[PDB]
file my_file31.pdb (PDB, C-alpha atoms)
ATOM      1  CA  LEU Y 407    -129.911 140.745 139.956  1.00  0.00           C
ATOM      2  CA  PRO Y 408    -131.666 143.618 141.755  1.00  0.00           C
ATOM      3  CA  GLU Y 409    -130.864 146.037 138.920  1.00  0.00           C
ATOM      4  CA  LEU Y 410    -132.687 143.991 136.280  1.00  0.00           C
ATOM      5  CA  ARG Y 411    -135.609 143.403 138.647  1.00  0.00           C
ATOM      6  CA  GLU Y 412    -135.889 147.148 139.275  1.00  0.00           C
ATOM      7  CA  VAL Y 413    -135.702 147.806 135.526  1.00  0.00           C
ATOM      8  CA  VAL Y 414    -138.467 145.265 134.875  1.00  0.00           C
ATOM      9  CA  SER Y 415    -140.615 146.822 137.603  1.00  0.00           C
ATOM     10  CA  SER Y 416    -140.094 150.315 136.175  1.00  0.00           C
ATOM     11  CA  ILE Y 417    -140.947 149.187 132.634  1.00  0.00           C
ATOM     12  CA  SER Y 418    -144.055 147.347 133.841  1.00  0.00           C
ATOM     13  CA  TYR Y 419    -145.165 150.416 135.798  1.00  0.00           C
ATOM     14  CA  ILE Y 420    -144.677 152.629 132.740  1.00  0.00           C
ATOM     15  CA  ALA Y 421    -146.728 150.250 130.590  1.00  0.00           C
ATOM     16  CA  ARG Y 422    -149.446 150.079 133.257  1.00  0.00           C
ATOM     17  CA  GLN Y 423    -149.652 153.874 133.468  1.00  0.00           C
ATOM     18  CA  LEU Y 424    -149.876 154.212 129.690  1.00  0.00           C
ATOM     19  CA  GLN Y 425    -152.613 151.557 129.588  1.00  0.00           C
ATOM     20  CA  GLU Y 426    -154.529 153.469 132.268  1.00  0.00           C
ATOM     21  CA  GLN Y 427    -154.150 156.612 130.159  1.00  0.00           C
ATOM     22  CA  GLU Y 428    -155.444 154.673 127.146  1.00  0.00           C
ATOM     23  CA  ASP Y 429    -158.573 153.558 129.017  1.00  0.00           C
ATOM     24  CA  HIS Y 430    -159.133 157.085 130.341  1.00  0.00           C
TER      25      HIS Y 430
ATOM     26  CA  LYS K 368    -121.313 146.602 134.552  1.00  0.00           C
ATOM     27  CA  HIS K 369    -120.154 149.731 132.750  1.00  0.00           C
ATOM     28  CA  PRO K 370    -121.112 153.192 134.087  1.00  0.00           C
ATOM     29  CA  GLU K 371    -123.287 153.928 131.045  1.00  0.00           C
ATOM     30  CA  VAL K 372    -125.554 150.913 131.604  1.00  0.00           C
ATOM     31  CA  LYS K 373    -126.055 151.894 135.249  1.00  0.00           C
ATOM     32  CA  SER K 374    -126.788 155.456 134.126  1.00  0.00           C
ATOM     33  CA  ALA K 375    -129.426 154.129 131.716  1.00  0.00           C
ATOM     34  CA  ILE K 376    -130.951 152.032 134.511  1.00  0.00           C
ATOM     35  CA  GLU K 377    -131.098 155.104 136.745  1.00  0.00           C
ATOM     36  CA  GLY K 378    -132.670 157.010 133.854  1.00  0.00           C
ATOM     37  CA  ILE K 379    -135.443 154.429 133.528  1.00  0.00           C
ATOM     38  CA  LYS K 380    -135.966 154.635 137.293  1.00  0.00           C
ATOM     39  CA  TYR K 381    -136.059 158.436 137.067  1.00  0.00           C
ATOM     40  CA  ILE K 382    -138.712 158.306 134.337  1.00  0.00           C
ATOM     41  CA  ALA K 383    -140.815 155.954 136.463  1.00  0.00           C
ATOM     42  CA  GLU K 384    -140.460 158.148 139.563  1.00  0.00           C
ATOM     43  CA  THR K 385    -141.254 161.287 137.562  1.00  0.00           C
ATOM     44  CA  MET K 386    -144.505 159.742 136.357  1.00  0.00           C
ATOM     45  CA  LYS K 387    -145.204 158.597 139.929  1.00  0.00           C
TER      46      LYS K 387
ATOM     47  CA  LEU Q 366    -131.918 137.043 122.177  1.00  0.00           C
ATOM     48  CA  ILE Q 367    -130.582 137.851 118.707  1.00  0.00           C
ATOM     49  CA  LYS Q 368    -132.992 135.465 116.963  1.00  0.00           C
ATOM     50  CA  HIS Q 369    -136.028 136.661 118.923  1.00  0.00           C
ATOM     51  CA  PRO Q 370    -138.075 139.209 116.906  1.00  0.00           C
ATOM     52  CA  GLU Q 371    -139.571 140.928 119.964  1.00  0.00           C
ATOM     53  CA  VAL Q 372    -136.185 142.051 121.314  1.00  0.00           C
ATOM     54  CA  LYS Q 373    -135.235 143.542 117.938  1.00  0.00           C
ATOM     55  CA  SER Q 374    -138.618 145.271 117.717  1.00  0.00           C
ATOM     56  CA  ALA Q 375    -138.143 146.709 121.210  1.00  0.00           C
ATOM     57  CA  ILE Q 376    -134.638 147.939 120.338  1.00  0.00           C
ATOM     58  CA  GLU Q 377    -135.820 149.644 117.144  1.00  0.00           C
ATOM     59  CA  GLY Q 378    -138.682 151.058 119.191  1.00  0.00           C
ATOM     60  CA  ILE Q 379    -136.380 152.774 121.690  1.00  0.00           C
ATOM     61  CA  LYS Q 380    -134.438 154.128 118.702  1.00  0.00           C
ATOM     62  CA  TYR Q 381    -137.718 155.452 117.283  1.00  0.00           C
ATOM     63  CA  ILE Q 382    -138.622 157.168 120.571  1.00  0.00           C
ATOM     64  CA  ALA Q 383    -135.189 158.794 120.834  1.00  0.00           C
ATOM     65  CA  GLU Q 384    -135.202 160.065 117.249  1.00  0.00           C
ATOM     66  CA  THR Q 385    -138.796 161.321 117.417  1.00  0.00           C
ATOM     67  CA  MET Q 386    -138.200 163.309 120.605  1.00  0.00           C
ATOM     68  CA  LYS Q 387    -134.980 164.709 119.110  1.00  0.00           C
TER      69      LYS Q 387
ATOM     70  CA  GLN U 408    -132.991 130.390 129.863  1.00  0.00           C
ATOM     71  CA  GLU U 409    -134.554 131.837 133.007  1.00  0.00           C
ATOM     72  CA  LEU U 410    -133.148 135.294 132.210  1.00  0.00           C
ATOM     73  CA  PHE U 411    -135.173 135.787 129.029  1.00  0.00           C
ATOM     74  CA  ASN U 412    -138.294 134.305 130.628  1.00  0.00           C
ATOM     75  CA  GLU U 413    -137.950 136.806 133.483  1.00  0.00           C
ATOM     76  CA  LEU U 414    -137.287 139.711 131.085  1.00  0.00           C
ATOM     77  CA  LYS U 415    -140.171 138.858 128.726  1.00  0.00           C
ATOM     78  CA  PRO U 416    -142.673 141.072 130.639  1.00  0.00           C
ATOM     79  CA  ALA U 417    -140.182 143.933 130.289  1.00  0.00           C
ATOM     80  CA  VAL U 418    -139.924 143.358 126.530  1.00  0.00           C
ATOM     81  CA  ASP U 419    -143.719 143.218 126.232  1.00  0.00           C
ATOM     82  CA  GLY U 420    -144.047 146.439 128.217  1.00  0.00           C
ATOM     83  CA  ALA U 421    -141.421 148.175 126.087  1.00  0.00           C
ATOM     84  CA  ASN U 422    -143.212 147.086 122.911  1.00  0.00           C
ATOM     85  CA  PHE U 423    -146.498 148.363 124.349  1.00  0.00           C
ATOM     86  CA  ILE U 424    -144.832 151.697 125.157  1.00  0.00           C
ATOM     87  CA  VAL U 425    -143.431 151.920 121.628  1.00  0.00           C
ATOM     88  CA  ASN U 426    -146.822 151.159 120.090  1.00  0.00           C
ATOM     89  CA  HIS U 427    -148.416 153.826 122.290  1.00  0.00           C
ATOM     90  CA  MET U 428    -145.836 156.407 121.196  1.00  0.00           C
ATOM     91  CA  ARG U 429    -146.210 155.496 117.516  1.00  0.00           C
ATOM     92  CA  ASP U 430    -150.010 155.692 117.658  1.00  0.00           C
ATOM     93  CA  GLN U 431    -149.837 159.033 119.477  1.00  0.00           C
ATOM     94  CA  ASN U 432    -147.441 160.424 116.866  1.00  0.00           C
ATOM     95  CA  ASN U 433    -149.672 159.287 113.993  1.00  0.00           C
ATOM     96  CA  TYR U 434    -152.672 160.861 115.747  1.00  0.00           C
ATOM     97  CA  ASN U 435    -150.802 164.147 116.179  1.00  0.00           C
ATOM     98  CA  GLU U 436    -149.658 164.048 112.546  1.00  0.00           C
ATOM     99  CA  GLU U 437    -153.245 163.731 111.319  1.00  0.00           C
ATOM    100  CA  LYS U 438    -154.231 166.605 113.621  1.00  0.00           C
ATOM    101  CA  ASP U 439    -151.437 168.700 112.096  1.00  0.00           C
ATOM    102  CA  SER U 440    -152.680 167.847 108.600  1.00  0.00           C
ATOM    103  CA  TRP U 441    -156.154 169.052 109.573  1.00  0.00           C
ATOM    104  CA  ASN U 442    -154.575 172.253 110.908  1.00  0.00           C
ATOM    105  CA  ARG U 443    -152.816 172.843 107.578  1.00  0.00           C
ATOM    106  CA  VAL U 444    -156.071 172.224 105.690  1.00  0.00           C
ATOM    107  CA  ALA U 445    -157.708 174.870 107.877  1.00  0.00           C
TER     108      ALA U 445
ATOM    109  CA  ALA Z 397    -122.156 144.693 120.329  1.00  0.00           C
ATOM    110  CA  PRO Z 398    -123.092 148.120 118.899  1.00  0.00           C
ATOM    111  CA  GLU Z 399    -126.710 147.399 119.897  1.00  0.00           C
ATOM    112  CA  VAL Z 400    -125.766 147.882 123.564  1.00  0.00           C
ATOM    113  CA  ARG Z 401    -124.086 151.193 122.734  1.00  0.00           C
ATOM    114  CA  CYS Z 402    -126.936 152.750 120.778  1.00  0.00           C
ATOM    115  CA  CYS Z 403    -129.741 151.457 123.017  1.00  0.00           C
ATOM    116  CA  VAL Z 404    -127.940 152.772 126.108  1.00  0.00           C
ATOM    117  CA  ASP Z 405    -127.398 156.118 124.370  1.00  0.00           C
ATOM    118  CA  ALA Z 406    -131.087 156.337 123.428  1.00  0.00           C
ATOM    119  CA  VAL Z 407    -132.237 155.526 126.969  1.00  0.00           C
ATOM    120  CA  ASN Z 408    -129.820 158.090 128.413  1.00  0.00           C
ATOM    121  CA  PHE Z 409    -131.053 160.694 125.917  1.00  0.00           C
ATOM    122  CA  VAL Z 410    -134.646 160.091 127.029  1.00  0.00           C
ATOM    123  CA  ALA Z 411    -133.592 160.430 130.676  1.00  0.00           C
ATOM    124  CA  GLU Z 412    -131.805 163.742 130.089  1.00  0.00           C
ATOM    125  CA  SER Z 413    -134.761 165.071 128.087  1.00  0.00           C
ATOM    126  CA  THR Z 414    -137.007 164.255 131.051  1.00  0.00           C
ATOM    127  CA  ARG Z 415    -134.572 166.007 133.407  1.00  0.00           C
ATOM    128  CA  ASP Z 416    -134.522 169.128 131.221  1.00  0.00           C
ATOM    129  CA  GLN Z 417    -138.326 169.157 131.145  1.00  0.00           C
ATOM    130  CA  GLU Z 418    -138.388 168.939 134.952  1.00  0.00           C
ATOM    131  CA  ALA Z 419    -135.896 171.874 135.292  1.00  0.00           C
ATOM    132  CA  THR Z 420    -137.907 173.969 132.761  1.00  0.00           C
ATOM    133  CA  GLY Z 421    -141.106 173.052 134.694  1.00  0.00           C
ATOM    134  CA  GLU Z 422    -139.401 174.095 137.987  1.00  0.00           C
ATOM    135  CA  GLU Z 423    -138.463 177.526 136.464  1.00  0.00           C
ATOM    136  CA  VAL Z 424    -142.119 178.016 135.319  1.00  0.00           C
TER     137      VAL Z 424
END
call {"tool": "encode", "arguments": {"input": "my_file31.pdb", "output": "structure tokens"}}
result
Amino acid sequence: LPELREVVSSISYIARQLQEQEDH
Amino acid sequence: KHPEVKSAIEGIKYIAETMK
Amino acid sequence: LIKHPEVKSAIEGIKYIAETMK
Amino acid sequence: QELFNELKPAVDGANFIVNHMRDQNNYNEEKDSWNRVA
Amino acid sequence: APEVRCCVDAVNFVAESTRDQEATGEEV
């Protein structure tokens, strides 16, 4: 299921970026 | 496996790449 | 998936994002 | 159910994103209220 | 289920909004 894995990776990256913005 | 679901997946990928 | 509260919260969340940006 | 266990980080991330958006919108709404008071 | 329909529509709407912002940003 490469599509779902890519979706999960994209969502995790988005959450990580927003958390970095929160700390900043 | 409809076209709309794949379009939504590509949209999520596009959002991620845009923020990249 | 239907019984899980987190999935429903996430769904309603995406709805909230879409409506707010509209 | 391996599928839901594998998708749980995605659900948690989506909920985190939603909470971030909601908090940002509430913050902006209070800023707008201060603008109207001014 | 209708859930699939509306969630997919919302995600697509977000994607097209991002695309429009990119095009507007490219014109600027």
call {"tool": "interface_residues", "arguments": {"input": "my_file31.pdb", "of": "chain U", "to": "chain Q", "cutoff": "8 Å", "atoms": "all atoms listed in the file", "output": "PyMOL selection string"}}
result
chain U and resi 411+418-419+421-422+425+428
call {"tool": "residues_around", "arguments": {"input": "my_file31.pdb", "residues": "segment 411-422 of chain Z", "least_positions_apart": "3", "cutoff": "8 Å", "atoms": "all atoms listed in the file", "output": "PyMOL selection string"}}
result
(chain K and resi 375+378-379+381-382) or (chain Z and resi 407-408)
call {"tool": "resolve_selection", "arguments": {"input": "my_file31.pdb", "expression": "the ChimeraX specification (/Q :<10) & /Z", "output": "VMD selection string"}}
result
chain Z and resid 399 to 400 402 to 410 413
call {"tool": "write_last_selection", "arguments": {"input": "my_file31.pdb", "atoms": "C-alpha atoms", "output": "PDB file, keeping the file's coordinate frame"}}
result
ATOM      1  CA  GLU Z 399    -126.710 147.399 119.897  1.00  0.00           C
ATOM      2  CA  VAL Z 400    -125.766 147.882 123.564  1.00  0.00           C
ATOM      3  CA  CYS Z 402    -126.936 152.750 120.778  1.00  0.00           C
ATOM      4  CA  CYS Z 403    -129.741 151.457 123.017  1.00  0.00           C
ATOM      5  CA  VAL Z 404    -127.940 152.772 126.108  1.00  0.00           C
ATOM      6  CA  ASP Z 405    -127.398 156.118 124.370  1.00  0.00           C
ATOM      7  CA  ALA Z 406    -131.087 156.337 123.428  1.00  0.00           C
ATOM      8  CA  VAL Z 407    -132.237 155.526 126.969  1.00  0.00           C
ATOM      9  CA  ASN Z 408    -129.820 158.090 128.413  1.00  0.00           C
ATOM     10  CA  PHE Z 409    -131.053 160.694 125.917  1.00  0.00           C
ATOM     11  CA  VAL Z 410    -134.646 160.091 127.029  1.00  0.00           C
ATOM     12  CA  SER Z 413    -134.761 165.071 128.087  1.00  0.00           C
TER      13      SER Z 413
END
call {"tool": "interface_residues", "arguments": {"input": "my_file31.pdb", "of": "chain K", "to": "chain Y", "cutoff": "7 Å", "atoms": "only C-alpha atoms", "output": "tab-separated table (two decimals) with C-alpha atoms, in the frame of the given file"}}
result
chain	number	residue	atom	x	y	z
K	376	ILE	CA	-130.95	152.03	134.51
K	379	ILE	CA	-135.44	154.43	133.53
K	380	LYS	CA	-135.97	154.64	137.29
K	383	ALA	CA	-140.82	155.95	136.46
call {"tool": "axis_aligned_box", "arguments": {"input": "my_file31.pdb", "around": "segment 415-422 of chain U", "padding_each_side": "4 Å", "output": "JSON"}}
result
{"center_x": -142.0, "center_y": 143.5, "center_z": 126.8, "size_x": 12.1, "size_y": 17.3, "size_z": 15.7}
call {"tool": "interface_residues", "arguments": {"input": "my_file31.pdb", "of": "chain U", "to": "chain Y", "cutoff": "7 Å", "atoms": "all atoms listed in the file", "output": "VMD selection string"}}
result
chain U and resid 414 417 420 to 421 423 to 424
call {"tool": "atom_distance", "arguments": {"input": "my_file31.pdb", "atom1": "atom CA of residue 398 of chain Z", "atom2": "atom CA of residue 374 of chain K"}}
result
17.3 Å
call {"tool": "atom_distance", "arguments": {"input": "my_file31.pdb", "atom1": "atom CA of residue 372 of chain K", "atom2": "atom CA of residue 410 of chain U"}}
result
17.4 Å
call {"tool": "atom_distance", "arguments": {"input": "my_file31.pdb", "atom1": "atom CA of residue 416 of chain U", "atom2": "atom CA of residue 368 of chain K"}}
result
22.4 Å
